[PDB]
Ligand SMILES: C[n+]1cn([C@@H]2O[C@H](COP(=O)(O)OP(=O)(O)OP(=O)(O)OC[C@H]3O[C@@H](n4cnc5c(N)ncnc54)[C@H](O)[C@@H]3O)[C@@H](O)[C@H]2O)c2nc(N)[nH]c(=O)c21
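Quick setup: one chain, the form deposited without the ligand, written in structure tokens, and binding and motion questions come after.
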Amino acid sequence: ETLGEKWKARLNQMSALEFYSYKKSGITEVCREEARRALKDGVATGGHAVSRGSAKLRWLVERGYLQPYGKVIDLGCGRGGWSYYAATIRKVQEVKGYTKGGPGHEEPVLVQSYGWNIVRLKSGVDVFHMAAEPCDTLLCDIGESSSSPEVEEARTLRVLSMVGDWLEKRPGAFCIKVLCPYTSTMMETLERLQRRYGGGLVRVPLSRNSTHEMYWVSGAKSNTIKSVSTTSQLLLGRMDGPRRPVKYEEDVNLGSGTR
């Protein structure tokens, strides 16, 4: 049994109160109030982000974990935070996002932030049945949380295969969401993939304690087992002490105008 599995079991054990306190205990988050109001009022300008993903991607890009450039593909773009953020980047030439949409799934949000004319968000698309196309920047943010470690593992495996098909055309720069990296077979296959392709695993502090997600990014050089187990250690530790306060970071402003 790995530390992440113990984390998972302990998480399932927790009460509603304890969970409510734990999910955000000590994490970093973004004040999305004004962005929510503006977006609800139909303000396409102002530079507001459509989701929190922008803040996540930002956190990585401003640390060299990846450097977006050229043709960008956003797999499971949802509302499209990653797509717009990437579209605000100089080296980036084209952004193509794809999400599932429909009931229960996010639809893209039409906003005119900076570089909105180079964005192209396509809903009603299941990337598992989609043919890969050559690109320079491979983004993927797929991985739905489940109470079952086995389910999360299987979902992660399917995702990793699907993105394997895309990485085979060989970017470049890439950011791939890994929901469940805390099981043995997962660390094994992630080691394997980290041999075949490059990159490493990074735990974004914007991620809530309720999820063990780490992002497999290109510009990172790390050991799988070590990074994962340290992440597990942290998420475990936050389940014992008092409630650590949240570090309220500022929301990202993507400005306006075209490119």
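So that there is no doubt, residue numbering starts at 1 and follows the sequence shown.
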Read off the CA B-factors in the entry, average them over 56 to 64 and over 217 to 225, and name the higher stretch. 217 to 225
Taking the mean of the C-alpha B-factors per stretch from the entry, tell me the winner out of 29 to 37 and 196 to 204. 29 to 37
Entry record, C-alpha B-factors for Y98, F128, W166, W82; the maximum is at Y98
By the record's CA B-factor, is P134 among the lowest, middle or highest third of residues in the chain? highest
By the entry's values, the third containing the CA B factor of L157 is the middle
Would you mind ranking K122 by its C-alpha B-factor against the rest of the chain and naming the third, lowest, middle or highest? middle
Hey, what third does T189 fall into on Cα B-factor, ranked over its chain? highest
Temperature factor at the Cα of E106, chain-ranked in thirds, falls in the middle
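This next part talks about the form deposited with the ligand bound, which is not shown.
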Please determine, with the chain shown alone, which of 185 to 193, 165 to 173, 86 to 94, 143 to 151 has non-hydrogen atoms within 4.5 Å of the ligand in the bound PDB entry. 143 to 151
4.5 Å heavy atom contact, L236 and the ligand in the bound PDB entry: no
The ligand contact in the bound PDB entry: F19, any heavy atom under 4.5 Å: yes
Since only the chain is shown here, I'm wondering whether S232 would be in contact with the ligand in the bound PDB entry (any heavy atom pair within 4.5 Å). no
Wondering, does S210 line up within 4.5 Å of the ligand in the bound PDB entry on heavy atoms? yes
